[PDB]
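Undergrad: okay, here's the opening piece of the assembly, coordinates as they are in the complex:
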Amino acid sequence: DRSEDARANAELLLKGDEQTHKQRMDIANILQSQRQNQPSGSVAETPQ
């Protein structure tokens, strides 16, 4: 149990590294589309 629990600690740590990068990539594209929407919709109109 404790051997597999030890392996599980490493997998939780790997998800910790992954979830940080997921927060960096997702937020970057939300903000990039948010700034570009306003000049685009100033030409005529567009939704985000």
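TA: Cool, got the structure. Numbers count the residues shown, from 1 in each chain, chains lettered A, B, ... in the order given.
Undergrad: what about residue A:37, how many residues close to it?
TA: A count of nearby residues for residue A:37, using other Cβ atoms under 10 Å, gives 13. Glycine gets a C-beta too; all of them are placed from N, C-alpha and C.
Undergrad: in which helix or strand would I find it?
TA: Counting by DSSP states H and E, the element that carries residue A:37 is helix A:2-40.
Undergrad: Next, the buried residues of that helix.
TA: Residues of helix A:2-40 classed as buried: none (neighbour count, 16 or more other Cβ atoms under 10 Å).
Undergrad: also put chain B on there:
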Amino acid sequence: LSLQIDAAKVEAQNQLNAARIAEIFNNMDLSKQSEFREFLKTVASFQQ
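TA: If we add chain B to the chains shown above, we get the following:
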């Protein structure tokens, strides 16, 4: 003569009892010693 041979039989039983005590208690020490290996096996799993 008859009292001497009766007391000799009783003395022989204390020798046979002493023979069992040395053997049986040795195995009883080893019973506890082998149990400590199982205790140490539990502690090593926790620290992992």
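Undergrad: quick one on the thing from earlier: is the helix holding residue A:37 positioned near chain B?
TA: Yes. Helix A:2-40 lies within reach of chain B by Cβ under 8 Å from any Cβ of the partner chain, at A:2-3, A:6.
Undergrad: and which of those residues is nearest chain B?
TA: Chain B lies nearest to residue A:2 out of those, by Cβ to the nearest Cβ, at 4.3 Å.
Undergrad: Write out the residues of chain B neighbouring chain A.
TA: So far as Cβ under 8 Å from any Cβ goes, chain B lies against chain A at B:45-46, B:48.
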